[PDB]
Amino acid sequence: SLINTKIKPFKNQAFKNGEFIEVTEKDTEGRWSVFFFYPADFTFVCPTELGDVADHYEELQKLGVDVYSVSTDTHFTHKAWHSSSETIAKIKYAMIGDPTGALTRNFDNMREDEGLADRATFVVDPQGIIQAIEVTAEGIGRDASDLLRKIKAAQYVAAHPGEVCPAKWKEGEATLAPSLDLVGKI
């Protein structure tokens, strides 16, 4: 996988809160970023996942986390979808259009026989390093609550070097501090 690799440069048009904007890797530098890939606008599993991310967007913003949804549809289609669907209408984050497929291919996430992105989510730190990846099949929906758990653990580990978050770790729980002494004890 692309775990522990730096994101590549990109330049794309996006729809964000009634305006068209340009997004590049420079917008991600010094921020926490979620790249939320999905196959197509005006489809079925796709809106439900985007709406669930929209429900956590206020908290994600409080934690310094930007969200970028991405599909191979244009930014024009994203606006039409935002205006016609009550689930998409609640999106306040940038909806990137990747019709060249370049951003999708930067993340090795193209379904090359369909020209659509796979259901992949990537957590990117302020240095551009990918810290968490989740990929699901066409029919399996992703859950924003587990993404939030992971973002919080990735933020804790960044702030507490020398510590690690064990399995099932949540805010305000015991962390392991790797040492020679701890080797073979757990």
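One rule holds for the numbers: they count along the sequence shown, beginning at 1.
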| item | value |
| --- | --- |
| Higher-B stretch (mean Cα B-factor, as the entry records it), 166 to 174 or 5 to 13 | 166 to 174 |
| Higher-scoring stretch by recorded Cα B factor average, 157 to 165 or 53 to 61 | 157 to 165 |
| Member of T100, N109, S71, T87 with the greatest C-alpha B factor (per the PDB record) | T87 |
| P47 - which third its CA temperature factor falls in, relative to the rest of the chain | highest |
| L116 CA temperature factor, ranked by third within the chain | middle |
| Among modelled residues of the same chain, the CA temperature factor third for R105 | lowest |
| Third of chain Cα B-factors occupied by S145 | highest |
| Third of the chain, ranked by Cα B-factor, where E29 sits | middle |
